Structure formats: C-alpha cells, structure tokens
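Take a look at this single chain in structure tokens; it is the form deposited in one PDB entry.
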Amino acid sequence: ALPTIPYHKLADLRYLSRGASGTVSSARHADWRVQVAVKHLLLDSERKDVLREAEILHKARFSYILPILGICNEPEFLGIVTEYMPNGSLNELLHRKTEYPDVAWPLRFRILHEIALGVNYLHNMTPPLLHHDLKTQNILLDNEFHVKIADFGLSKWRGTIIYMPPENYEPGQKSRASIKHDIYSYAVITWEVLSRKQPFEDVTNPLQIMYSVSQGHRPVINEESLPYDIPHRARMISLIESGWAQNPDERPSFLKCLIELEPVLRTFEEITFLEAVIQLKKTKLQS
C-alpha cells in the first residue's frame, strides 16, 4: 500500500522541469529529512491519470525503476513523490558536452546494461508492463550514476517521435499493446549513447523524420556517428540495427539483448565504472 504524503510535509518546493509528462519540482521531506522530487500537474480525468501512473510505479518497483515514495493527493495538490536523482537525466549527460567533455565507455555501457535490466523486468511482470515512452530524457541518474527509468504516463499492461517505431505512428490494436515498441526505443537510445548525437540531427522537420522512418531510414551508422573506439563496436551496431528493425517481428526481446550484453560488460574491470564516475565529478568540479 502506497503512503500518502501531506502536501505541507514537502518543504522548500522548487521547480526543476516542465514537460508534456508533467511538471517536476524538488523538495525536502519535513519528517524523513531527505531530498525528494515530485511530478505534479484542476481537473478530474487528469487526477485519475496521475493516480494511474503512481499505482504502476508502486507495482513496478525494481532496482532500475525510479522509486516512488508516495502520492500527495489533497484538494490543494496532486502529485507523485519519488527519490531525488542528483545527476539529472541521461539526456544532459549525453548532450551537455561543455559540462561533460568525457563520458568513459565503461559508464556508458553500464547505463545501457541497466536500462535493459529495468525494461526486461517490466516485461517479465505478471502481467507484463510495457513502458512505451522510453527516451534519454526519461532515464534518470542517481548519485553514483545508476539508472532509474521514469515517466510511466504511457505505460500499459499487457523529436518526441524519434524513439517511436513506425507501426505506432498510426496506432491500432494491431500494435496498441505491441511487445516490440520498447526495444525500438532502446535501439535509438543505444545509438544516442554511443554517438552523443541527436538522432536525425540533420532533419529540421519532425514530420519529415516520420516519413523517412516509415520508409526504413534510421540514424546514420558510420565512423562519424559511432567512432572506431567503441568497445565491441560491431556487436553494438548489430544490437542497434536489430532493435530498430523495420519488421517488429525481427527485433529481439530484452532478455536476448541482456544475454548478449553480459559478456560485453564483463570485459570491463569493475573498478573502471567507479573510475568513470570519479572522472566525471573531478572534471565538472574543476569547471
């Protein structure tokens, strides 16, 4: 049973982000004395959707899912309270390059591994949970840069488009609950992580992107996009191309991706992951 958190116990409320998913602000819990974050939106249908997401996080708890701490549900305030993620989202880590000039490969591969473990867990639930809104903005990073998947506003029990498979452009119950949506998002996320590039950066119009994706086009695979020094480069390219395959049948399960990723992740010495985080903090601090 999910705790209910009185709105007045959230002190020093301060805004962080606003998106389609909702508004996110930080706070400190007056009794637990920890930093928390809270996604908040009057209405009546809107309050049901917020409650819908909160129940889903409560149920989907796992080591790589954003931990829900409670719902603030009062006439003055509706909102989901979660642990506060001090290192923001994967999107700023990838694309704020003046702030993070170097993101070592061991950390990037660990992030990819942990995303896959999170989504795999969702897909292994009774009944399977489908996220359907994976994006780098929705992968949050905790104090030591471990993954927490966020934003379940579009999850379902079994530039905003760049992660969406083409068969979902015009949604029908032929894919409405397809098990192959998330892996396609993950393939694009994987390309984004290994390249530190905006997918389809060269296309000014997002409707042009959908038309091109509908025809089978994808973010470029070459040495400029995916540099030669990517560890296990050819294996990662395979993983990307099969994950975003035009034919949904032809895309793997997250289990099979994990089976392939495990020996790759074992080639990095464990301390190397911490080395990578320390390098991020030390250079950032010096700036």
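Just count from 1 along the sequence shown to find any residue number. So that the term is clear: the rigid core is the largest set of C-alpha atoms that superpose within 1.5 Å between two forms. Shifts are known only where both forms have a C-alpha.
If you look for the form deposited in another entry, you will not find it shown, but the lines that follow are about it.
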Taking 2 Å as the cut-off, check whether the CA of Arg61 shifts that much or more between the shown form and the other one after a rigid core fit. no
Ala20 C-alpha relocation of at least 2 Å between the shown form and the other one, rigid core basis: yes
Just checking, between the shown form and the other one and with the core aligned, does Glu262 shift 2 Å or more at the CA? no
The CA atoms of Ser89 and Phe152 move 3 Å or more in the other form, ending up closer
Taking the shown form as reference, are the C-alpha positions of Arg218 and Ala20 brought closer or pushed farther apart in the other form, with a change of 3 Å or more? farther
Determine the segments between the shown form and the other one made of three or more consecutive residues whose Cα atoms all move at least 2 Å, using the rigid core for the superposition and only residues common to both forms. 17-22, 42-50, 152-157
